[PDB]
Amino acid sequence: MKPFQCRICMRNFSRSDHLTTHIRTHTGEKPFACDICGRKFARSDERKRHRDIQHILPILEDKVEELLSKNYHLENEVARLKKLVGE
Amino acid sequence: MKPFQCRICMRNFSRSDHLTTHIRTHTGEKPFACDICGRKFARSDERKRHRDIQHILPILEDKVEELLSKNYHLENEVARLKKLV
DNA sequence: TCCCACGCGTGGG
DNA sequence: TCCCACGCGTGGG
Ligand SMILES: [Zn+2]
Ligand SMILES: [Zn+2]
Ligand SMILES: [Zn+2]
Ligand SMILES: [Zn+2]
């Protein structure tokens, strides 16, 4: 059953929310803006895939590298300090 | 602009690689398996979106949490030893 | 409800 | 046919 019809192209859809997003293919409406870069998308899931992989993934990869490095510097300092005070 | 043709459904395509992956929709071929859960995909980019979000992001979050914890304990052995000093 | 995932067309490198 | 990103159909929960 496809009870929801687009009045522009007359295509029917099984879901009303899918009819709503489909209509944006005609209107060009992009309600969802990425908070990091500002790129606009027609649907929230399109914004999510974009942000997850284009931003979150590399930010977390960079963070891991950064912490490994900070932790290495701190360990070096802790080792030095330990000798200055004994241990 | 669509010089390639699928001989199963007669659809025309702009590119040879796109014709190739399209044919997989008819044959059911899924060459790409996710190394983490084993799920199969027709294309590498399908496998990538799945793996990146379903497995990798959670993994990275855990890693960052773990490293942040080690960091916090080290920034503590330091403020401390410098007190002994 | 309507986010989320996935399939798959299709451009770029 | 390689890798990838994004649009957009559409079911699951
Ligand atoms: Zn329409
Ligand atoms: Zn963005
Ligand atoms: Zn075909
Ligand atoms: Zn997987």
Side-chain angles (χ1 to χ4, degrees), chain A residues 1-71, chain B residues 1-69:
Chain A
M1 203 199 170
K2 295 185 173 178
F4 315 97
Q5 188 172 52
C6 171
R7 298 304 302 191
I8 300 304
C9 68
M10 302 302 290
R11 186 169 178 170
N12 299 303
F13 301 82
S14 67
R15 293 204 195 172
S16 66
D17 57 308
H18 290 339
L19 167 56
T20 300
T21 60
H22 159 82
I23 294 161
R24 301 192 179 130
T25 67
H26 302 303
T27 69
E29 198 204 351
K30 290 171 180 170
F32 312 81
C34 172
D35 65 353
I36 288 170
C37 77
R39 184 170 172 155
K40 309 278 281 153
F41 299 88
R43 316 201 305 225
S44 72
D45 67 303
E46 286 170 341
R47 172 176 66 187
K48 185 186 186 292
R49 280 186 295 272
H50 159 84
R51 182 184 182 274
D52 278 354
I53 301 170
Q54 301 314 294
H55 306 306
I56 307 306
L57 180 55
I59 286 172
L60 290 183
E61 288 181 323
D62 291 353
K63 182 57 66 173
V64 169
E65 292 317 297
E66 174 189 9
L67 295 170
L68 282 173
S69 171
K70 288 169 136 241
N71 285 353
Chain B
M1 77 118 115
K2 301 192 180 189
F4 297 90
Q5 185 174 69
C6 173
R7 292 296 323 184
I8 288 170
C9 71
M10 304 310 290
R11 186 172 181 158
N12 302 133
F13 298 85
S14 62
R15 288 162 54 159
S16 50
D17 59 327
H18 293 339
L19 169 59
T20 299
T21 57
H22 161 76
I23 291 164
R24 303 186 188 150
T25 68
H26 296 306
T27 65
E29 187 191 8
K30 293 183 178 184
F32 308 87
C34 171
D35 71 335
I36 292 168
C37 72
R39 183 170 179 167
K40 307 276 279 160
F41 299 88
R43 315 196 312 225
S44 59
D45 68 302
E46 292 170 338
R47 178 177 59 185
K48 185 186 191 283
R49 289 206 314 207
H50 159 82
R51 186 171 174 280
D52 280 354
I53 299 165
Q54 304 312 300
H55 309 308
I56 307 314
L57 284 172
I59 287 164
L60 292 175
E61 286 175 37
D62 284 351
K63 189 59 183 189
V64 167
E65 187 189 13
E66 182 200 0
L67 287 169
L68 276 174
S69 186

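Just so we're on the same page: letters track the sequence lines, and every chain starts at 1. Values below: all heavy atoms of this structure, side chains included; hydrogens, waters and symmetry mates excluded.
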For residues 2-27 of chain A, the salt bridge (charged side-chain N to carboxylate O under 4.0 Å, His left out) pairs (sequence neighbours left out) are A:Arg24-A:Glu29

Under the ring-ring contact (aromatic ring centres under 6.0 Å, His included) test, which residues partner B:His26, sequence neighbours left out? B:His22

Using a 3.5 Å cut-off and no angle test, enumerate the donor-acceptor pairs between side-chain atoms of residues 45-53 of chain B and protein atoms at least two apart in sequence or in another chain.
unit_1	atom_1	unit_2	atom_2	d
B:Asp45	OD1	B:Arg43	NE	3.0
B:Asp45	OD2	B:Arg43	NH2	3.0
B:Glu46	OE1	B:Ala42	N	3.3
B:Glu46	OE1	B:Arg43	N	3.1
B:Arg47	NH1	B:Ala33	O	2.8
B:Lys48	NZ	B:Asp52	OD2	2.8
B:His50	NE2	B:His55	NE2	3.3
B:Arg51	NE	B:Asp35	OD1	2.8

Nearest-angstrom distance from the residue atom CG of B:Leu57 to P of C:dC4: 13 Å

Verify, without hydrogens or angle tests, whether A:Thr20 (side chain) and A:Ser16 (backbone) share a donor-acceptor contact under 3.5 angstrom. yes

For a quick check of understanding: with a heavy-atom distance under 4.0 Å over all strands, which category does B:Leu19 fall into, base, sugar-phosphate or nothing? nothing

If the condition is side chain to side chain donor-acceptor pair (under 3.5 Å), which residues does A:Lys63 pass it with, not counting sequence neighbours? A:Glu66

Going by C1'-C2'-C3'-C4' alone, is D:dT1 a north or a south sugar? north

Generate the contact string for nucleotides 6-13 of chain C. Rules: B means base contact, S means sugar-phosphate contact only, - means no protein heavy atom under 4.0 Å. BBBBBBBB

Can you list everything that forms a salt bridge (charged side-chain N to carboxylate O under 4.0 Å, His left out) with B:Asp62? Sequence neighbours excluded, please. none

Examine C:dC2 and say whether its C1'-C2'-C3'-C4' torsion places the sugar north (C3'-endo side) or south (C2'-endo side). south

